[PDB]
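So this block is input34.pdb, PDB, C-alpha atoms and all ligand atoms:
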ATOM      1  CA  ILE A1126       8.064  30.053  19.072
ATOM      2  CA  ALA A1127       7.942  27.404  21.820
ATOM      3  CA  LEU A1128       4.418  28.322  22.938
ATOM      4  CA  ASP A1129       3.034  28.918  19.412
ATOM      5  CA  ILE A1130       2.320  26.072  16.997
ATOM      6  CA  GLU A1131       2.315  28.043  13.718
ATOM      7  CA  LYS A1132       5.761  29.603  14.191
ATOM      8  CA  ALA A1133       7.059  26.188  15.290
ATOM      9  CA  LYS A1134       5.725  24.643  12.068
ATOM     10  CA  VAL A1135       7.362  27.471  10.082
ATOM     11  CA  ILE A1136      10.706  26.696  11.762
ATOM     12  CA  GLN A1137      10.196  22.957  11.133
ATOM     13  CA  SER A1138       9.556  23.578   7.428
ATOM     14  CA  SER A1139      12.634  25.819   7.232
ATOM     15  CA  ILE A1140      14.849  23.180   8.895
ATOM     16  CA  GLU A1141      13.765  19.988   7.098
ATOM     17  CA  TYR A1142      15.654  19.058   3.929
ATOM     18  CA  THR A1143      13.654  19.028   0.694
ATOM     19  CA  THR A1144      15.083  18.000  -2.668
ATOM     20  CA  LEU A1145      13.620  18.211  -6.169
ATOM     21  CA  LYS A1146      13.191  14.410  -6.217
ATOM     22  CA  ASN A1147      10.764  14.661  -3.272
ATOM     23  CA  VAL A1148       8.240  16.876  -5.076
ATOM     24  CA  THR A1149       8.875  15.485  -8.583
ATOM     25  CA  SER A1150       6.470  12.759  -9.733
ATOM     26  CA  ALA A1151       7.498  11.967 -13.322
ATOM     27  CA  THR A1152      10.063  13.228 -15.828
ATOM     28  CA  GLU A1153       9.871  12.937 -19.613
ATOM     29  CA  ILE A1154      12.009  13.681 -22.667
ATOM     30  CA  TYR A1155      10.279  14.982 -25.799
ATOM     31  CA  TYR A1156      11.434  15.879 -29.305
ATOM     32  CA  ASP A1157      10.462  19.400 -30.405
ATOM     33  CA  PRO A1158      12.503  21.111 -33.144
ATOM     34  CA  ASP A1159      10.668  24.454 -32.847
ATOM     35  CA  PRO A1160      12.145  26.740 -30.144
ATOM     36  CA  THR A1161       9.211  29.182 -30.232
ATOM     37  CA  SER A1162       6.377  26.632 -30.560
ATOM     38  CA  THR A1163       5.641  23.081 -29.413
ATOM     39  CA  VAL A1164       4.092  19.818 -30.556
ATOM     40  CA  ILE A1165       2.316  18.935 -27.285
ATOM     41  CA  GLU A1166      -1.290  20.138 -27.362
ATOM     42  CA  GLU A1167      -1.997  20.174 -23.608
ATOM     43  CA  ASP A1168       0.870  22.595 -22.913
ATOM     44  CA  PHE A1169       0.646  24.543 -26.213
ATOM     45  CA  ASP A1170      -1.755  27.144 -24.765
ATOM     46  CA  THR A1171       0.413  27.865 -21.712
ATOM     47  CA  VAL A1172       3.709  28.082 -23.626
ATOM     48  CA  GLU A1173       2.210  30.344 -26.311
ATOM     49  CA  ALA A1174       0.762  32.507 -23.524
ATOM     50  CA  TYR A1175       4.279  32.705 -22.061
ATOM     51  CA  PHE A1176       5.889  33.628 -25.397
ATOM     52  CA  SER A1177       3.215  36.269 -26.071
TER      53      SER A1177
ATOM     54  CA  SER B   3       7.513   0.583 -25.464
ATOM     55  CA  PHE B   4      10.414   0.255 -27.908
ATOM     56  CA  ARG B   5      10.372  -1.199 -31.412
ATOM     57  CA  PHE B   6      12.758  -3.680 -33.004
ATOM     58  CA  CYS B   7      14.393  -3.762 -36.423
ATOM     59  CA  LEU B   8      12.291  -5.450 -39.092
ATOM     60  CA  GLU B   9      15.305  -6.919 -40.916
ATOM     61  CA  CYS B  10      17.864  -7.943 -38.260
ATOM     62  CA  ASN B  11      15.699  -7.813 -35.085
ATOM     63  CA  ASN B  12      17.945  -5.433 -33.119
ATOM     64  CA  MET B  13      16.810  -2.436 -31.076
ATOM     65  CA  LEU B  14      15.793   0.745 -32.935
ATOM     66  CA  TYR B  15      17.603   3.657 -31.295
ATOM     67  CA  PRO B  16      16.160   7.148 -31.897
ATOM     68  CA  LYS B  17      18.101   9.521 -34.135
ATOM     69  CA  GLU B  18      17.723  13.176 -35.132
ATOM     70  CA  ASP B  19      18.380  14.627 -38.585
ATOM     71  CA  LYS B  20      20.223  17.943 -38.589
ATOM     72  CA  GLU B  21      19.102  18.836 -42.120
ATOM     73  CA  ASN B  22      15.546  17.450 -41.978
ATOM     74  CA  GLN B  23      14.689  18.073 -38.273
ATOM     75  CA  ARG B  24      12.925  14.741 -37.792
ATOM     76  CA  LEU B  25      12.931  12.023 -35.145
ATOM     77  CA  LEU B  26      13.836   8.651 -36.660
ATOM     78  CA  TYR B  27      14.324   5.193 -35.164
ATOM     79  CA  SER B  28      17.496   3.713 -36.648
ATOM     80  CA  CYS B  29      19.246   0.383 -36.166
ATOM     81  CA  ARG B  30      22.974   0.754 -35.543
ATOM     82  CA  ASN B  31      23.714  -2.671 -37.081
ATOM     83  CA  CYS B  32      22.462  -1.679 -40.555
ATOM     84  CA  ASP B  33      21.168   1.261 -42.597
ATOM     85  CA  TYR B  34      17.483   0.666 -41.789
ATOM     86  CA  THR B  35      15.598   3.740 -40.588
ATOM     87  CA  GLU B  36      11.889   4.121 -39.815
ATOM     88  CA  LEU B  37      10.017   7.333 -39.060
ATOM     89  CA  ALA B  38       9.023   7.810 -35.424
ATOM     90  CA  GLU B  39       5.347   8.391 -34.667
ATOM     91  CA  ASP B  40       5.581  10.066 -31.242
ATOM     92  CA  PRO B  41       8.179  12.377 -29.656
ATOM     93  CA  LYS B  42       8.053  10.612 -26.265
ATOM     94  CA  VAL B  43      11.661   9.403 -26.238
ATOM     95  CA  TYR B  44      11.857   8.543 -22.540
ATOM     96  CA  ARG B  45       9.631   8.541 -19.465
ATOM     97  CA  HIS B  46      10.660   7.864 -15.864
ATOM     98  CA  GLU B  47       8.168   7.387 -13.026
ATOM     99  CA  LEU B  48       9.557   8.320  -9.613
ATOM    100  CA  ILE B  49       6.362   7.112  -7.905
ATOM    101  CA  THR B  50       4.617   4.312  -9.790
ATOM    102  CA  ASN B  51       1.456   2.261  -9.333
ATOM    103  CA  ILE B  52       2.073  -0.399 -12.009
ATOM    104  CA  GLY B  53       2.104  -3.981 -10.775
ATOM    105  CA  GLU B  54      -0.470  -3.214  -8.075
ATOM    106  CA  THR B  55      -3.383  -4.645 -10.085
ATOM    107  CA  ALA B  56      -1.281  -6.202 -12.867
ATOM    108  CA  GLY B  57      -0.726  -9.358 -10.805
ATOM    109  CA  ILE B  58      -3.993 -11.030 -11.810
ATOM    110  CA  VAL B  59      -4.613 -14.493 -13.270
ATOM    111  CA  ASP B  60      -7.717 -16.004 -14.835
ATOM    112  CA  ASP B  61      -7.684 -19.101 -12.584
ATOM    113  CA  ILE B  62      -7.534 -17.298  -9.218
ATOM    114  CA  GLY B  63     -11.030 -18.522  -8.328
ATOM    115  CA  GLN B  64      -9.829 -22.124  -8.009
ATOM    116  CA  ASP B  65      -7.481 -21.331  -5.106
ATOM    117  CA  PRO B  66      -8.956 -22.818  -1.891
ATOM    118  CA  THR B  67      -6.806 -20.700   0.456
ATOM    119  CA  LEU B  68      -8.363 -17.385  -0.632
ATOM    120  CA  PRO B  69     -11.173 -15.850   1.451
ATOM    121  CA  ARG B  70     -14.667 -15.614  -0.007
ATOM    122  CA  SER B  71     -16.997 -12.636   0.455
ATOM    123  CA  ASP B  72     -20.539 -11.719  -0.596
ATOM    124  CA  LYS B  73     -19.839  -8.304  -2.137
ATOM    125  CA  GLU B  74     -21.945  -7.293  -5.131
ATOM    126  CA  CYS B  75     -20.369  -7.600  -8.572
ATOM    127  CA  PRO B  76     -20.659  -4.411 -10.681
ATOM    128  CA  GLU B  77     -21.117  -6.307 -13.971
ATOM    129  CA  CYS B  78     -23.246  -9.443 -13.535
ATOM    130  CA  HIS B  79     -24.396  -8.845  -9.907
ATOM    131  CA  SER B  80     -23.221 -12.199  -8.585
ATOM    132  CA  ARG B  81     -23.381 -13.029  -4.878
ATOM    133  CA  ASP B  82     -20.003 -14.792  -4.563
ATOM    134  CA  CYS B  83     -16.537 -13.288  -4.902
ATOM    135  CA  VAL B  84     -12.916 -13.734  -3.838
ATOM    136  CA  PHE B  85     -10.846 -10.868  -2.453
ATOM    137  CA  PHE B  86      -7.171 -10.208  -1.752
ATOM    138  CA  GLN B  87      -4.887  -7.269  -1.053
ATOM    139  CA  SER B  88      -2.285  -5.625  -3.294
ATOM    140  CA  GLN B  89       0.220  -7.906  -5.000
ATOM    141  CA  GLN B  90       2.882  -5.186  -4.809
ATOM    142  CA  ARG B  91       4.987  -5.702  -1.683
ATOM    143  CA  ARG B  92       6.718  -2.411  -0.980
ATOM    144  CA  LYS B  93       6.589  -0.664   2.392
ATOM    145  CA  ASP B  94       4.355   2.157   1.100
ATOM    146  CA  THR B  95       1.721  -0.188  -0.361
ATOM    147  CA  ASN B  96      -1.908   0.376   0.616
ATOM    148  CA  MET B  97      -4.123  -2.207   2.324
ATOM    149  CA  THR B  98      -7.004  -1.859  -0.144
ATOM    150  CA  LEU B  99      -8.813  -4.954  -1.396
ATOM    151  CA  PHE B 100      -9.298  -6.270  -4.930
ATOM    152  CA  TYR B 101     -12.405  -8.386  -5.499
ATOM    153  CA  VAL B 102     -12.721 -11.023  -8.227
ATOM    154  CA  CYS B 103     -16.099 -12.333  -9.344
ATOM    155  CA  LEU B 104     -16.603 -16.041  -9.998
ATOM    156  CA  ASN B 105     -18.422 -15.487 -13.325
ATOM    157  CA  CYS B 106     -16.867 -12.531 -15.170
ATOM    158  CA  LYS B 107     -13.532 -12.733 -13.265
ATOM    159  CA  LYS B 108     -12.878  -8.980 -13.361
ATOM    160  CA  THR B 109     -11.014  -7.018 -10.694
ATOM    161  CA  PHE B 110     -12.966  -4.237  -8.973
ATOM    162  CA  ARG B 111     -12.648  -2.147  -5.820
ATOM    163  CA  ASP B 112     -15.103  -1.106  -3.099
ATOM    164  CA  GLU B 113     -14.748   2.694  -3.286
TER     165      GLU B 113
ATOM    166  CA  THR C 676     -15.732 -12.107  36.493
ATOM    167  CA  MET C 677     -15.360 -14.615  33.655
ATOM    168  CA  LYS C 678     -18.379 -13.039  31.945
ATOM    169  CA  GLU C 679     -16.801  -9.598  32.385
ATOM    170  CA  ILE C 680     -13.447 -10.802  30.986
ATOM    171  CA  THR C 681     -15.157 -12.450  28.000
ATOM    172  CA  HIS C 682     -17.100  -9.236  27.323
ATOM    173  CA  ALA C 683     -13.900  -7.152  27.460
ATOM    174  CA  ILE C 684     -12.058  -9.484  25.066
ATOM    175  CA  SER C 685     -15.004  -9.582  22.634
ATOM    176  CA  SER C 686     -15.312  -5.776  22.661
ATOM    177  CA  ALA C 687     -11.580  -5.473  21.958
ATOM    178  CA  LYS C 688     -11.854  -7.931  19.056
ATOM    179  CA  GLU C 689     -14.753  -5.901  17.624
ATOM    180  CA  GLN C 690     -12.598  -2.773  17.953
ATOM    181  CA  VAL C 691      -9.757  -4.518  16.090
ATOM    182  CA  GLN C 692     -12.238  -5.507  13.361
ATOM    183  CA  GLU C 693     -13.311  -1.857  13.046
ATOM    184  CA  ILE C 694      -9.650  -0.781  12.779
ATOM    185  CA  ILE C 695      -9.106  -3.422  10.069
ATOM    186  CA  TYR C 696     -12.106  -2.141   8.088
ATOM    187  CA  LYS C 697     -10.946   1.481   8.421
ATOM    188  CA  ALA C 698      -7.439   0.573   7.240
ATOM    189  CA  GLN C 699      -8.963  -1.383   4.335
ATOM    190  CA  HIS C 700     -11.085   1.625   3.284
ATOM    191  CA  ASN C 701      -8.354   4.335   3.588
ATOM    192  CA  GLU C 702     -10.080   5.874   6.635
ATOM    193  CA  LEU C 703      -7.149   5.386   9.036
ATOM    194  CA  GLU C 704      -5.092   8.166  10.599
ATOM    195  CA  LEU C 705      -1.356   7.921   9.951
ATOM    196  CA  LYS C 706       0.977   8.319  12.921
ATOM    197  CA  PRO C 707       3.701  10.835  11.937
ATOM    198  CA  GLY C 708       7.053   9.289  11.106
ATOM    199  CA  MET C 709       5.505   5.903  10.284
ATOM    200  CA  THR C 710       3.809   4.235   7.330
ATOM    201  CA  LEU C 711       0.190   3.086   7.091
ATOM    202  CA  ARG C 712       1.059  -0.566   7.772
ATOM    203  CA  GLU C 713       3.262   0.319  10.759
ATOM    204  CA  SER C 714       0.587   2.595  12.256
ATOM    205  CA  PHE C 715      -2.086  -0.085  11.770
ATOM    206  CA  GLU C 716       0.101  -2.729  13.435
ATOM    207  CA  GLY C 717       0.960  -0.433  16.351
ATOM    208  CA  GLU C 718      -2.674   0.516  16.927
ATOM    209  CA  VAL C 719      -3.854  -3.119  16.847
ATOM    210  CA  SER C 720      -1.057  -4.105  19.257
ATOM    211  CA  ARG C 721      -1.987  -1.255  21.613
ATOM    212  CA  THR C 722      -5.650  -2.330  21.560
ATOM    213  CA  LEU C 723      -4.789  -5.964  22.338
ATOM    214  CA  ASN C 724      -2.392  -4.962  25.139
ATOM    215  CA  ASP C 725      -5.103  -2.775  26.691
ATOM    216  CA  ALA C 726      -7.507  -5.726  26.418
ATOM    217  CA  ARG C 727      -5.167  -8.055  28.302
ATOM    218  CA  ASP C 728      -4.516  -5.397  30.961
ATOM    219  CA  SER C 729      -8.249  -4.750  31.473
ATOM    220  CA  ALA C 730      -9.068  -8.469  31.743
ATOM    221  CA  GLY C 731      -6.197  -8.990  34.175
ATOM    222  CA  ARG C 732      -7.290  -6.023  36.288
ATOM    223  CA  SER C 733     -10.820  -7.453  36.488
ATOM    224  CA  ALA C 734      -9.442 -10.870  37.496
ATOM    225  CA  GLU C 735      -7.102  -9.387  40.114
ATOM    226  CA  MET C 736      -9.872  -7.236  41.608
ATOM    227  CA  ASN C 737     -12.098 -10.331  41.877
ATOM    228  CA  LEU C 738      -9.685 -12.201  44.183
ATOM    229  CA  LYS C 739     -10.430 -12.498  47.898
ATOM    230  CA  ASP C 740      -7.960 -11.854  50.700
ATOM    231  CA  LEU C 741      -7.748 -15.588  51.440
ATOM    232  CA  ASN C 742      -6.549 -16.262  47.874
ATOM    233  CA  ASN C 743      -3.045 -17.710  48.104
ATOM    234  CA  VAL C 744      -1.720 -16.234  44.847
ATOM    235  CA  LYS C 745      -2.979 -12.835  46.020
ATOM    236  CA  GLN C 746      -1.236 -13.333  49.379
ATOM    237  CA  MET C 747       2.074 -14.177  47.690
ATOM    238  CA  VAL C 748       1.798 -11.230  45.276
ATOM    239  CA  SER C 749       0.859  -8.838  48.092
ATOM    240  CA  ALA C 750       3.771 -10.009  50.247
ATOM    241  CA  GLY C 751       6.124  -9.290  47.356
ATOM    242  CA  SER C 752       7.829 -12.667  47.719
ATOM    243  CA  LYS C 753       6.915 -14.220  44.341
ATOM    244  CA  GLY C 754       4.661 -13.461  41.393
ATOM    245  CA  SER C 755       3.204 -10.266  39.981
ATOM    246  CA  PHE C 756       0.075  -8.917  38.289
ATOM    247  CA  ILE C 757       0.931 -10.335  34.844
ATOM    248  CA  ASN C 758       1.185 -13.861  36.294
ATOM    249  CA  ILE C 759      -2.337 -13.617  37.749
ATOM    250  CA  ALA C 760      -3.617 -12.129  34.478
ATOM    251  CA  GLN C 761      -2.150 -14.915  32.350
ATOM    252  CA  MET C 762      -3.137 -17.723  34.735
ATOM    253  CA  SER C 763      -6.736 -16.611  35.260
ATOM    254  CA  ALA C 764      -7.898 -14.310  32.441
ATOM    255  CA  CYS C 765      -5.864 -14.140  29.218
ATOM    256  CA  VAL C 766      -2.353 -14.982  28.039
ATOM    257  CA  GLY C 767      -2.492 -12.177  25.481
ATOM    258  CA  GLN C 768      -0.573 -11.300  22.342
ATOM    259  CA  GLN C 769       2.574 -13.221  21.395
ATOM    260  CA  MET C 770       5.380 -11.033  20.039
ATOM    261  CA  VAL C 771       8.310 -12.218  17.923
ATOM    262  CA  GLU C 772      11.035  -9.571  17.413
ATOM    263  CA  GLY C 773       8.703  -6.872  18.731
ATOM    264  CA  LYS C 774       5.960  -7.592  16.176
ATOM    265  CA  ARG C 775       2.968  -9.904  15.849
ATOM    266  CA  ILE C 776       3.379 -13.381  14.342
ATOM    267  CA  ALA C 777       4.635 -13.038  10.781
ATOM    268  CA  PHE C 778       3.333 -14.663   7.602
ATOM    269  CA  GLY C 779       5.770 -17.550   7.320
ATOM    270  CA  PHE C 780       3.592 -19.274   4.737
ATOM    271  CA  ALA C 781       2.302 -17.547   1.591
ATOM    272  CA  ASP C 782       0.349 -14.616   3.097
ATOM    273  CA  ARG C 783      -0.729 -16.501   6.233
ATOM    274  CA  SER C 784       0.747 -17.699   9.514
ATOM    275  CA  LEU C 785      -0.524 -21.298   9.417
ATOM    276  CA  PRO C 786      -2.186 -23.487   6.759
ATOM    277  CA  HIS C 787      -5.329 -23.521   8.940
ATOM    278  CA  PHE C 788      -6.111 -19.867   8.120
TER     279      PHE C 788
HETATM  280 ZN    ZN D1201      18.788  -3.401 -38.096
HETATM  281 ZN    ZN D1202     -19.205 -10.769 -12.018
END

Using structure tokens, write down the structure from this file.
Amino acid sequence: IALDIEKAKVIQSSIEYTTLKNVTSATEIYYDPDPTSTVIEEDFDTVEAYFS
Amino acid sequence: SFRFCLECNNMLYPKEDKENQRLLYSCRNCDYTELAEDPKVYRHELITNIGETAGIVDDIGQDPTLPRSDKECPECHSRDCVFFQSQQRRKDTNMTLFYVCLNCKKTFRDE
Amino acid sequence: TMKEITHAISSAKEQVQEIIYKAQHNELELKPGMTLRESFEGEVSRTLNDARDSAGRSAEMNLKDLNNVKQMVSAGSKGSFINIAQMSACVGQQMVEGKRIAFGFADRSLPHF
């Protein structure tokens, strides 16, 4: 690992601390009274694909 | 953005009906209740870019301490302009320039 | 030698101008563990330090053996290379708290800029 850069980078990634807040960009709260469907149109396709 | 009560000017907190399954903005100081238009109750930006270009005034061309360039205006193609960096002053802030024309007074970049 | 020193300082200032343009067009490489502003400041400071060292080295190579400052520096009794550089070629960059002169006014160092 000391003479190889890729394995060293793998070890570095495995050591460094990473929280959810680091990768998160924005969080939102929405009102949706239908458990099996949704009001948002952008995500409607993906969630209906999941449920089906 | 949050709305205010139309009768006693207090804040309209969101409320949910168990029987009707609707989102309603209701004032806790009275019985007033108005139907909500959007379900976006709350939004938090961990990384934000607001205030970077929001610090702009319409009289910034009268400041004598600002540098003057000859960059081309995208709208009226003037030959004089005034530039400055980002008004946000965090440690992560970029060093990109904002140019202001002396005729239309709009803010535009160089990219 | 004065022509050579002036050429070195002018070339360094042109290099600093190029670094400024690159940082103002998002074309600057970020040193790991440091922000864009910190990397830009460090790179400009390194360029200016190299400029002063090059000008001083030119000035110190110019000196004859009969030069008295050279004789004192070569004896090791008083003075060093930086003294010759600052006396003859260039004083260099002034650092306050390990950084260049800050913007004590509103976004400038003096009301003459
Ligand atoms: Zn009310
Ligand atoms: Zn214009």

**Q.** 7 Å contacts from chain B to chain A using all atoms listed in the file, as number ranges by chain
**A.** B: 23, 41-49

Q: Translate the PyMOL selection byres (((chain B and resi 69-76) around 12) and not hetatm), as applied to the file shown, into an explicit residue set as a VMD selection string.
A: (chain B and resid 62 to 68 77 to 87 99 to 113) or (chain C and resid 782 to 783 788)

Would you give me, as CSV, each residue of chain C having an atom within 9 Å of an atom of chain B, along with its shortest atom pair and that distance in Å to one decimal, using all atoms listed in the file and sorting by chain and residue number?
residue,atom,partner,partner_atom,distance
C:698,CA,B:97,CA,6.5
C:699,CA,B:98,CA,4.9
C:700,CA,B:98,CA,6.4
C:701,CA,B:98,CA,7.4
C:710,CA,B:94,CA,6.6
C:711,CA,B:96,CA,7.3
C:712,CA,B:97,CA,7.7
C:786,CA,B:67,CA,8.3
C:788,CA,B:67,CA,7.7

Q | Pairwise distance for atom CA of residue 37 of chain B and atom CA of residue 1163 of chain A, rounded to one decimal in Å | A | 19.0 Å

Q: Would you list the contacts of residue 720 of chain C as number ranges by chain, taking every protein, DNA or RNA residue within 10 Å and counting all atoms listed in the file, but skipping same-chain residues closer than 4 positions in sequence?
A: C: 691, 714-716, 724-726, 768, 770, 774-775
